[PDB]
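What follows is one chain in structure tokens, specifically the form deposited in one PDB entry.
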């Protein structure tokens, strides 16, 4: 423990230096197309909102890491900032899944979707998702924020080892129902999208490769970002449910490296979902 002094702050600083303008421009692009009756715009709006809140959560965590694990700001700040961070993390994946499902429906069933006040249903689903995520991430706020230990740490929302299966089954549920359910929906919906346009006489060979690249890539980018953290969480938890602090002492730097890589997906989502799209980039040019 204690070789987290370089990497997490580096990634957090890069995020706060580029994503915040990127997230702001993506948010403006998303709003500019909700005005034009679109219902992917609300999903993108909520996604960019979640990314912005995560970015605002970042700097206290940067100080928490650089100051060698202590939470100087006090117990309440631990609850607020940890709650914001760990809830926006899953809200992003849920809204990525919603975007994937919406695109899949609009492509596979063109003459029947959406057709009936598209914006309201999408806003209702967005509100329902936010309610579910907050209701799932409230119990960790129900417990003690800070755990002081001997070795100059004073943890916030972390325990090494964990505390008696109460956090452990919560962690396994959080893994299997905040990742690998929405990522599974992502992969299946994008595969269905790339399968439903096989048989279309309009699409050429060239236009089909673009969709193939996008459909295979966005699940892959999301997995490469949110995978190390959740694999490590599932590993620690499934071990806790089966050897001192040997395991944790081994995989601790890997754990926080994984968390930094996971929060790195606040530059990828704005890029891929705003600048890659020709229409959104066009409004972005009008945005500037």
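Positions refer to the first chain, counted from 1. Take the two forms, find the largest set of C-alpha atoms that superpose within 1.5 Å, and that set is the rigid core.
There is another form of the same protein, the form deposited in another entry; it is not shown, and what comes next is about it.
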Rigid core fit then residue 166 CA moved by 2 Å or more between this form and the one not shown: no
Does residue 216 move its CA by 2 angstroms or more between this form and the one not shown when the core is aligned? yes
Is residue 99 displaced by at least 2 Å at its C-alpha between this form and the one not shown when the rigid core is overlaid? no
Look at the CA atoms of residue 94 and residue 162: state whether they lie closer or farther apart in the other entry than in this form, given a difference of 3 Å or more. farther
Kindly indicate if, in the other entry, the C-alpha atoms of residue 140 and residue 61 are closer or farther apart than in the structure shown, bearing in mind the change is 3 Å or more. farther
